[PDB]
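Single-structure report; data block below.
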Amino acid sequence: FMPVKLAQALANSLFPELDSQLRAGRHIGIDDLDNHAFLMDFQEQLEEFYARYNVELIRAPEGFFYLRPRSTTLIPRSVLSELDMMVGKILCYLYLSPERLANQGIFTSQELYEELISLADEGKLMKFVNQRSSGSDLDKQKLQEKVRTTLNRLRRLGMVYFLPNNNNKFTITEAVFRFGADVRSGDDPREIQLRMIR
Amino acid sequence: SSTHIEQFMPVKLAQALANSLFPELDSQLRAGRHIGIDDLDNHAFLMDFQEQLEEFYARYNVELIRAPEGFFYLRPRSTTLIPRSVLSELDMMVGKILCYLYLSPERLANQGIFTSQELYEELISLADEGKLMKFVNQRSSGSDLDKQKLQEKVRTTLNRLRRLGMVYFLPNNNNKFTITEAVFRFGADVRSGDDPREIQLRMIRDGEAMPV
Amino acid sequence: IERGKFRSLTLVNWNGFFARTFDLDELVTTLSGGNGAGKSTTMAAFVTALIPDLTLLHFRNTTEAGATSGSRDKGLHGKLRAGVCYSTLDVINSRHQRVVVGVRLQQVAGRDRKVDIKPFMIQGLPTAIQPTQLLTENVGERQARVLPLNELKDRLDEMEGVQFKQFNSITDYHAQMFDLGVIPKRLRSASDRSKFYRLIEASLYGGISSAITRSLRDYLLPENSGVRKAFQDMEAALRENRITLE
Amino acid sequence: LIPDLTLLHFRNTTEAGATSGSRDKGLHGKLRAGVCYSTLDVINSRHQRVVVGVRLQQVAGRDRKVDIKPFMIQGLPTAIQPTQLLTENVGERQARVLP
Amino acid sequence: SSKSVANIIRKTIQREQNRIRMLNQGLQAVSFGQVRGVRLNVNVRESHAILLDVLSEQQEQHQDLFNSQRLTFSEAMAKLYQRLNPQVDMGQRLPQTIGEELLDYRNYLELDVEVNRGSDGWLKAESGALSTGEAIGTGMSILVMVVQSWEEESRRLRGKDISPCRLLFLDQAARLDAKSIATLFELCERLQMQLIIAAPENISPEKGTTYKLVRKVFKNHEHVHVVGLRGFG
Amino acid sequence: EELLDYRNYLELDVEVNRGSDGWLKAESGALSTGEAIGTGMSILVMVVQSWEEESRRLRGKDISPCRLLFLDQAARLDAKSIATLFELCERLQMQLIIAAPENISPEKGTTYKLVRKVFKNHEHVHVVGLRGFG
Amino acid sequence: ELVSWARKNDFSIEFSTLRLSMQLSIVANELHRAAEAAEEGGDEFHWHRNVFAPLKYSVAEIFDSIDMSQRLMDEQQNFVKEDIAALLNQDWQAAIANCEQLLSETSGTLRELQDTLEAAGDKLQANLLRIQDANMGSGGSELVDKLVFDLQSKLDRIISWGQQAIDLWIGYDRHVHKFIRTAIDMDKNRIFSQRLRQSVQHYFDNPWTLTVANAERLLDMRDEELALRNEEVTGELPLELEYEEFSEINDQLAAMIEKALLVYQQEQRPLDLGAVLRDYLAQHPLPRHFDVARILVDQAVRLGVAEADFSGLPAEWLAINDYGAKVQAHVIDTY
Amino acid sequence: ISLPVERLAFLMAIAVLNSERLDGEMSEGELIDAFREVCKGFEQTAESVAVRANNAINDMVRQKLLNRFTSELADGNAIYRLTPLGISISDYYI
DNA sequence: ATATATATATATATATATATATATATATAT
DNA sequence: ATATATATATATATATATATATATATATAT
Ligand SMILES: Nc1ncnc2c1ncn2[C@@H]1O[C@H](COP(=O)(O)OP(=O)(O)OP(=O)(O)O)[C@@H](O)[C@H]1O
Ligand SMILES: [Mg+2]
């Protein structure tokens, strides 16, 4: 047969949307009150249900839930670009404490663009756009467009909540800590994050 | 009573969802894969618990549909919880051609095993060579480089259809394949003997086919 | 016919060895030295040059030969120094052709003791050119330096008559070696590679390898496809009979 | 020292930790038909001369099995050697091992 | 179909037996310890000969087993092997895998290694009943025969002008005595086999080439110094 | 029940001061044959000493149990390692039985030359003994 | 190797079963005659003219003829497939009966050919084994064996095909029925087929596309990029190999001891290791004593055994010098 | 009937292998290998090995030199046999 | 034309269940 | 008063299923 509580969790009217978003890779944090509470309550059974797919339902130390595919994953897997992880680490850095006085939880695409240009090395930027490029207008425009595309991709994952409008200004969720590094006793988060990024 | 499956889910649907075959079938279906008679185990699984799965998938605003030919698949609705996508026009050409080969007796000697070269030859025989080539490249006029480009495009579309279950590569050969009854969907616009322009509207209304 | 021979073995930037070329013997080459001299290191380097498959390479101690030690480390990483390393074989073919096969090894930065291996081959090298010199650049006063694969390609291409190839897969590497009379069997499939490594591994530790004696049938007798075809025919017949009965 | 049939496995030095491969433990073929003995002589810190030992017999049967019977001897004179106790010096060329 | 199967298996088994029996005479009484010769014993397994006979003549009598919806073909073959010849007493291995094993012709031959230990005749070689040197010699004999077989099989694909290189290893050679090492040397040279041997002491002073390695700590790192050796001075 | 045992609360490792480098965890894969054999003998004598220490309090105050170890295929070790092993065993008053096929000739202690022959159609081991040399 | 031969050459540019039966009968007569001639025996010339000229040429030619008949049947199978394929294009629903008949006749013909082939395969094999047995009557009959090994396979090969073809055809046949059961059952009038063809020809006059589920792929975290270790290692290159030479002092000592000891074996004198060692060690300085003792023992134990070793009486540790050297060995009596 | 040097050499190799083949059957999996080997010997690369092999096999099949049979289990899912004209052309030289 | 992503297959080590053979204490026939 | 049969516990090692890592082919996209 089937576990009874597993049947209860699957039958819940919230299950279809949450299942689609999980299989899409989205991370469910504390912000999604209903979904987070549902996962908290029914984790013991959804872990088994998604282990039947050779996938792991992981609750991060920060608290947010997500799906990690194994090598034998039954859900078509995919891999983020290099620019995607770079941008993820940039946002993780920007989940900063002075951030509160800097942007009050609301950033704009320009902040991310300037941080990426100033902070990243030129070689990786060229590798992103193209090797033969060197500080040109067309290359920079293509880089900005790809930055917007990867920002949309992160939005798909729930990493970044867009402020509702065509304009690019958003907020950063705690799940971004996935890109972050481990914290040791007395380590400066800024220093470890920058050391990882470098 | 409490702690009782009927409280939340019918017994047969729960049994179907707990079967070892459910996960692979569900992942393939959501990926867009059609199911034919060849996948005996999966086809039988769908047949036995067919009704439970249509009602389960209805929760996603997608219809588990069995065409009269006997192949199951998923059709998302406008309010689908699972995204939706449409095949390319070249994909339609290759699918219609594949249906022809399924129904064509001239190639009976092949016994269902076909090579991409034969498929391309038949495609060019029945379609307009240069005017079909126009889509491959806007500036084509019969150049052999563009000819190879069209061959490669046909091969790529054939691979995608293989992903959709319309075609199976042979257990050891990726250059030869066997057709499946799912290809019959490419003829849904002509299976009914009526005016083409009314059947197209009927299908698009049913969500079977969007325009381009 | 004159059977080909392994002229020499060259070791570059290895643990203990900077650039050392042992000239092999026609029949027997012996290595002596107190414990920890580095003989096993030479054997490991050779076999790495022969079968660069990283999944197979596992340098267990002669003690616990085939006994799972759970170290999680194949032992190859600790046998190499930081930077580039090379392991090459000169072979005289039965066609009297001097061919230098080899591999570039390099430690992968990180906590994991992981290594990267890239095979390569050289044909037509003049008999007067020694691999030890060919792989190093004399920089400074009697202070030769090792050069990477790209520099080696540039140096060799500038020469006349020498053909250098770099393989993207150990499969083509083995195919080419077999083409030049270096390997007895054609290692087309990964199972063939596994059996080959099993043979050399049993030889290195010497004596009755449990896996060998357990699969002697697979190791000696060849595979037949006629029997498989007949069994498949019988399978189809039985399936049809069952369909009819049901 | 350790007369236990479960633990005694005289695998070859090669394959020192590898699986059995076969079913034999390698002890039976090291014995000869009849009654055999394996004995240690020990001098304690108290200087007591103690002869510990085991009597071995190839158990006649379908398989290659061995029967072991332990024993200890105390108070022996220092002038008598183990080979003398266990063997009769009959007039024949070779001695006779006694049960 | 079952009759044709059984026939082709029988023919393949006979051909392979003949090939291996012809190959056996490629050994010349190696001297290792008390082991005086090594041989390969190939014999059709009666437990499987009965199975072939049943398949070839009495397929129908056991159709009840074959046509059961519970058993796959491999499992059906395993159950049939169980039915007849019931004294083998196979272990805890599952029916599926044992059947799959039954589907390979090579399994039907007992292929074992015999040694003419001392004066006891030819006995099956078990690591548990052989000294270290004897086992090492036997393993080397097995490996040389295997490499010879591999060379022979590839004789067709290879060009007529190429003979593949031959090379083996032996670490911790000190486990072998002088007699065993001399026998190994004569075997390898008779078979044109190259050998790379290792031992803390120079165990082969008057044959082939020799090197001595010495490791020196040097300015907080290591260096190996290699010196050639010669038989006489 | 695992937590109920104090021993589980302890992490035990074997470290070796290998050459110029500091103390490294003893991995069977990162050592030569002789080094592994020697470290094994070291740990074995450690175990024997620990067992004697544990058992002393339940034994007569004037009882010192015998200590004796083996080493088969000793030829895998060089002369230096063998001398170090002999020194260790002597310092620990520990008896050794070492087998070597004539390759090594330890001058100290008893040596037993064995040779197998056929006599009266039976396998026989002719045995000769020497001792006191040195 | 034949590729170069071809390259240098520079060149470029009856299904009746009564036949098969008559070739089989002719083959049977000739093979039996040759086998009997071989069994009777004869000189080298007789062996030749009875087993190499008549057998070789005749059997080769007629087996090739039988194979040629099989190839002609293969051509006929191909032609009937093509005829069925063309017929189904012209009659569709009305050719079902024609195709079923053609399949029936082809299957019957194949079965009759297989029956005729197996009608004589076994006895021909028996006669060939008989010729194998009789071949060994002379040492120069090696070539005969080749034929007796070659003419085997062909025959069996032929028989194999006689079944294999049917195995193939009985397969293909099914497909045709499946086609009729699948392609034409739902397209009895074929109208769907023409309408599909015209849709293909005039598709782009109403270009339409189907809808399929395209669920998103589970984006994953890329594993960290792997960076190798680069340090530009440099160091001194090794000098030319030096050399060292092995001391044969022990060889000289062993030769000395073997010559000194061979007298005991020659005379069968009872050897006592104690006294011999005590006498002989006096000739060398103390530090070398051990290296002598060992060697001497190595030389002594090869000479016979000691009978006392079966008495159960342990031997004593006889001193063989000062400084405390001892030896334990019984007298060596049985040489 | 048109056999260039490469096609003729491939046909001769096919005939030799069939002569040395055990049961007188040729799957296309070996025909492709034979064409690769002959093309390698002739040292010419107009296109890929696979396309050249396929074109040559199809040309010989339509030129009445080979007969093809669809068998899925066979290596390459096809079995090829020399036709009487092919046998005659091959043995004319052999 | 080639970098890169994706699916598949194999070898390898871990962990658990289970059958086999032996050792030890007690029961019961001799 | 004895020795054999039983029940219990134990280690051995045998096999399966799992999970990981590497190599491969190859299909896409710039
Ligand atoms: N992976 C490794 N990591 C660290 N040290 C290593 C590694 N491999 C070898 N060594 C060290 O390198 C030296 C040579 O080792 P190696 O096993 O090659 O020696 P050897 O001559 O074969 O020794 P022996 O004959 O005693 O087995 C030894 O100090 C060994 O500890
Ligand atoms: Mg070593």
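Each chain in the structure tokens gets a letter, A, B, ..., in the order shown, and its residues are numbered from 1; ligands are numbered from 1 in order too.
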
Can you check which residues of chain D DSSP gives as strand (DSSP E) on the backbone and send them as a ChimeraX atom specification? /D:35-43,49-59,65-74,87-88,96-97

Could you list, as JSON, numbers by chain, the residues of chain E having an atom within 12 Å of chain H when counting only C-alpha atoms? {"E": [8, 12, 156, 157, 158, 159]}

Please dump the current selection as a JSON list (two decimals), in the first residue's frame; keep N, CA and C atoms.
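File produced: part-v9.json:
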```json
[["chain", "number", "residue", "atom", "x", "y", "z"],
["E", 8, "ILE", "N", 24.08, -25.94, -31.19],
["E", 8, "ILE", "CA", 25.14, -24.95, -31.38],
["E", 8, "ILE", "C", 26.01, -24.86, -30.13],
["E", 12, "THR", "N", 30.07, -25.51, -30.14],
["E", 12, "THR", "CA", 31.01, -24.52, -29.62],
["E", 12, "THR", "C", 31.84, -25.10, -28.49],
["E", 156, "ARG", "N", 44.32, -12.34, -36.42],
["E", 156, "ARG", "CA", 43.61, -12.02, -37.65],
["E", 156, "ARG", "C", 43.54, -10.51, -37.88],
["E", 157, "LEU", "N", 43.07, -9.77, -36.87],
["E", 157, "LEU", "CA", 42.89, -8.33, -37.04],
["E", 157, "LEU", "C", 44.22, -7.64, -37.30],
["E", 158, "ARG", "N", 45.27, -8.04, -36.59],
["E", 158, "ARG", "CA", 46.56, -7.40, -36.74],
["E", 158, "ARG", "C", 47.15, -7.68, -38.11],
["E", 159, "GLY", "N", 48.08, -6.82, -38.51],
["E", 159, "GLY", "CA", 48.83, -7.06, -39.72],
["E", 159, "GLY", "C", 49.81, -8.21, -39.57]]
```

Counting only C-alpha atoms, a student should be able to say which residues of chain G come within 6 Å of chain H; what is the right answer, written as a PyMOL selection string? chain G and resi 3+6+12-13+157

Output the neighbourhood of ligand 2 as JSON, numbers by chain, that is, all protein and nucleic acid residues with some atom at most 6 Å from the ligand, counting only C-alpha atoms (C1' of nucleotides) and all ligand atoms. {"C": [39, 40], "F": [32, 33]}

List all protein, DNA and RNA residues that have at least one atom no more than 8 Å from any atom of ligand 1, counting only C-alpha atoms (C1' of nucleotides) and all ligand atoms, and write them as a PyMOL selection string. (chain C and resi 15-16+32-44+61-62+75-80) or (chain E and resi 171-172+198-200+213) or (chain F and resi 18-19+29-35+76-78)

Take the selection from the previous step and output its residues with C-alpha atoms, as a PDB file, in the first residue's frame.
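Printed below is part.pdb as written:
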```pdb
ATOM      1  CA  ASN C  15      57.837  11.758  -6.155  1.00  0.00           C
ATOM      2  CA  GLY C  16      61.601  11.512  -5.767  1.00  0.00           C
ATOM      3  CA  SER C  32      66.810  -2.980  -6.012  1.00  0.00           C
ATOM      4  CA  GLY C  33      67.047  -0.718  -2.996  1.00  0.00           C
ATOM      5  CA  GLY C  34      66.040  -0.643   0.637  1.00  0.00           C
ATOM      6  CA  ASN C  35      62.445  -0.194   1.725  1.00  0.00           C
ATOM      7  CA  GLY C  36      60.866   2.962   0.352  1.00  0.00           C
ATOM      8  CA  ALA C  37      63.403   3.296  -2.457  1.00  0.00           C
ATOM      9  CA  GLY C  38      60.638   3.921  -4.995  1.00  0.00           C
ATOM     10  CA  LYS C  39      60.499   0.746  -7.069  1.00  0.00           C
ATOM     11  CA  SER C  40      56.745   0.408  -6.629  1.00  0.00           C
ATOM     12  CA  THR C  41      56.517   4.037  -7.731  1.00  0.00           C
ATOM     13  CA  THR C  42      58.256   3.123 -10.989  1.00  0.00           C
ATOM     14  CA  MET C  43      55.898   0.193 -11.534  1.00  0.00           C
ATOM     15  CA  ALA C  44      52.895   2.425 -10.868  1.00  0.00           C
ATOM     16  CA  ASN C  61      50.076  -2.029  -0.885  1.00  0.00           C
ATOM     17  CA  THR C  62      51.448  -5.456  -1.705  1.00  0.00           C
ATOM     18  CA  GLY C  75      47.351   6.354  -4.023  1.00  0.00           C
ATOM     19  CA  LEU C  76      48.337   7.882  -7.362  1.00  0.00           C
ATOM     20  CA  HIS C  77      47.973  11.512  -6.275  1.00  0.00           C
ATOM     21  CA  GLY C  78      50.531  11.220  -3.484  1.00  0.00           C
ATOM     22  CA  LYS C  79      52.984   9.664  -5.948  1.00  0.00           C
ATOM     23  CA  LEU C  80      53.163  12.877  -8.012  1.00  0.00           C
TER      24      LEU C  80
ATOM     25  CA  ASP E 171      57.122  -6.821  -7.098  1.00  0.00           C
ATOM     26  CA  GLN E 172      58.598  -8.215  -3.882  1.00  0.00           C
ATOM     27  CA  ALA E 198      61.621  -5.666  -7.792  1.00  0.00           C
ATOM     28  CA  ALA E 199      63.260  -6.825  -4.568  1.00  0.00           C
ATOM     29  CA  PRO E 200      65.127  -5.033  -1.755  1.00  0.00           C
ATOM     30  CA  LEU E 213      67.814   3.193  -6.164  1.00  0.00           C
TER      31      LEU E 213
ATOM     32  CA  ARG F  18      57.406  10.212   7.297  1.00  0.00           C
ATOM     33  CA  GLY F  19      60.667  11.703   6.086  1.00  0.00           C
ATOM     34  CA  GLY F  29      47.967   3.267   0.124  1.00  0.00           C
ATOM     35  CA  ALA F  30      50.514   6.013   0.869  1.00  0.00           C
ATOM     36  CA  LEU F  31      53.345   3.763   2.091  1.00  0.00           C
ATOM     37  CA  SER F  32      55.752   1.184   0.738  1.00  0.00           C
ATOM     38  CA  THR F  33      55.576  -2.488   1.672  1.00  0.00           C
ATOM     39  CA  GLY F  34      58.310  -2.302   4.293  1.00  0.00           C
ATOM     40  CA  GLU F  35      56.898   0.837   5.893  1.00  0.00           C
ATOM     41  CA  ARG F  76      60.224  -7.923   1.850  1.00  0.00           C
ATOM     42  CA  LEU F  77      62.242  -5.942   4.422  1.00  0.00           C
ATOM     43  CA  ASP F  78      65.766  -4.606   4.013  1.00  0.00           C
TER      44      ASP F  78
END
```
